[PDB]
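Architecture and fold: a report
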Number of protein chains: 2
Amino acid sequence: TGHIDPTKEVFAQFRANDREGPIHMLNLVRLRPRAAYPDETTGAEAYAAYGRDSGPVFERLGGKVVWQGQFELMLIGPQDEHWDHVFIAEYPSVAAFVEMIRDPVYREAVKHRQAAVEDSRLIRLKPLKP
Amino acid sequence: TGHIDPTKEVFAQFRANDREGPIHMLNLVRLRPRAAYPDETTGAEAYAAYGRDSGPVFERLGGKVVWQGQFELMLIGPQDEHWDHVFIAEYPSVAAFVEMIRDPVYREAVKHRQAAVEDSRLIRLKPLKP
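- Structure determination for this PDB entry was carried out by X-ray crystallography, with a resolution of 3.35 Å recorded in the header.

Next comes the structure, spelled out in structure tokens:
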């Protein structure tokens, strides 16, 4: 019962949608303590790898991390839940995002994320006026 | 198994913390379809009540809704989960926030929220530099 990567089926629903707008990716990551590489690192080291490797691609296709906070408390919700990273990445198009997922460099660097995450959420949002 | 309002115990932990900074309240609300007033409305009407009534107080004590998006997809996560409202409210101090929860007007207007929500999350975050 840990969600690390998306479904074949659900990812289609994502590409299916493609309104022209930008998109907001709410990311809720909970790292595991012992990273899970086939082939000794910690979770947070393993995630930072992904980060160091993902960025260059995301920068290039025009992703930007808009907002990001530090988990302090779960005021409403199950005490079990606790996220180690909370942030919103913006992409200018569903197409920009897809093109990243297919990039060689990304594809290799997600192997790191695949090994660092105990559980994640990734929600697609159409940003609105405050 | 639906989380509407915080615990006595956990709310201490909140007041306990009080770093000087601002705070970011990530709000994930899932409205129910038939509102649950003691005393016939829909959920979304019942929530909009809370909104109309909570703003004035929150404006006054210096809360502001910074960001807000519209749920489109759950790319990573359980398909069961689906949020009807996603937003981040900013308060200038843990103290500002508490003082709101105690306000007469708020206290009456949360009765509406109490009746509209099927399930929610409310996470406290110390915002960081992107």
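Still more to cover.
Points about the relation of the copies chain B and chain A
- When chain B is fitted to chain A, the best match, at an RMSD of 0.0 Å, comes from turning it 180° and sliding it 0.0 Å along the axis. The operation mapping one copy onto its partner corresponds to a two-fold rotation axis. Among all C-alpha atoms of chain B, that of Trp67(B) lies closest to the rotation axis, at 4.6 Å.
- Mapped onto chain A, 98% of the interface residues of chain B again fall at the interface, so both copies present the same surface.

A few points about the sheet that holds strand β4 (residues 117-127) of chain A
- In space, the 8 strands of this closed barrel follow the order β1(A)-β3(A)-β2(A)-β4(B)-β1(B)-β3(B)-β2(B)-β4(A), with antiparallel pairing throughout. On average, each strand axis in the sheet is tilted by 35° relative to the strand beside it, whichever way the strands run.
- Where β4(A) lies against strand β2 (residues 64-76) of chain B, 6 bridges are found, and the strand directions are antiparallel. Within β2(B), the residue paired with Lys126(A) across the bridge is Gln70(B).
- Along the sheet face, helix α4 (residues 104-116) of chain A touches β1 (23-31) and β4 of chain A together with β2 of chain B and points at about 115° away from the line of β4(A).
- Each of β2 (64-76) of chain A together with β1 (23-31), β3 (85-91) and β4 (117-127) of chain B is contacted by helix α3 (residues 94-101) of chain B, which is oriented at about 40° to β1(B), the strand it contacts most.

Notes on the interface of chain B and chain A
- Taken together, the contacts link 45 residues of chain B with 44 residues of chain A.
- Elements supplying a minimum of two residues to the side of chain B that touches chain A: α1 (8-17), β1, β2, β3 and β4 of chain B.
- Per element, the largest residue contribution to the side of chain B that touches chain A is 12 residues, and it comes from β2(B).

Details of the UniProt feature "domain: DUF1330" (unreviewed entry) in chain A
- On the UniProt side, "domain: DUF1330" (unreviewed entry) is annotated at positions that read residues 42-119 of chain A here.
- Secondary structure over residues 42-119 of chain A splits into 51% helix and 29% strand, and the C-alpha atoms at its two ends are 15 Å apart.

The rules behind each value
- Residues numbered from 1 in each chain as written, not as in the entry; some residues may be left out.
- Chains lettered and ligands numbered in written order.
- Heavy atoms only, no water.
- Residues with missing side-chain atoms left out of burial classes, pairs and counts.
- Least-squares fit on C-alpha atoms.
- Contact = heavy atoms within 4.5 Å.
- Pairing = 2+ DSSP bridges.
- Helix = DSSP H or I, 4+ residues; strand = E, 2+ residues; numbered from the N terminus.
- Axes fitted to C-alpha atoms, helices over the stretch in contact; angles between N-to-C directions.
- UniProt positions renumbered as here; feature names shortened; annotations may be inferred.

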